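Only one chain comes next, encoded as structure tokens, the form deposited in one PDB entry.
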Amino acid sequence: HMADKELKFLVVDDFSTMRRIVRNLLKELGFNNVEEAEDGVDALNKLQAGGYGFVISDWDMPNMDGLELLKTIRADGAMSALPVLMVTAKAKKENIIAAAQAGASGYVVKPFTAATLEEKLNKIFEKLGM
């Protein structure tokens, strides 16, 4: 998948406010192909419906948290390389390590600026040749 207008994003957070912020930013960056999920399970359901090229995900969520979601994705042969960008209020160095070691593509701390999200996405795009 390439970082073109068609790239399909899944945006995961248990609060719609954050989802709404991320969706509108993506639109601004020229990405209109964006779905939402409210937790890890909901997320995996949409993901298995196929088509997704990028995940942006919260951490603290009920049912299945973002760290578990990330690990599940990384451990599934069909989606093991799916980019996952964590966007979360968890800022302890030990949260960052756990997510990084689990295979996070990137990590943004809430609250964040439009500029930060764009810079972090582009950083991942470059890294993956998208």
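Counting begins at 1, following the sequence as shown.
Only in words, not in the display: the form deposited with a partner chain bound, which the text now covers.
In the deposited complex, none of the heavy atoms of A49 sits within 4.5 Å of a heavy atom of its partner chain.
Its partner chain in the deposited complex is not approached by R23, whose heavy atoms all lie more than 4.5 angstroms from it. Its partner chain is not drawn, but in the deposited complex it has a heavy atom within 4.5 Å of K123.
Taking the partner from the other structure, its partner chain in the deposited complex has a heavy atom within 4.5 Å of a heavy atom of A100.
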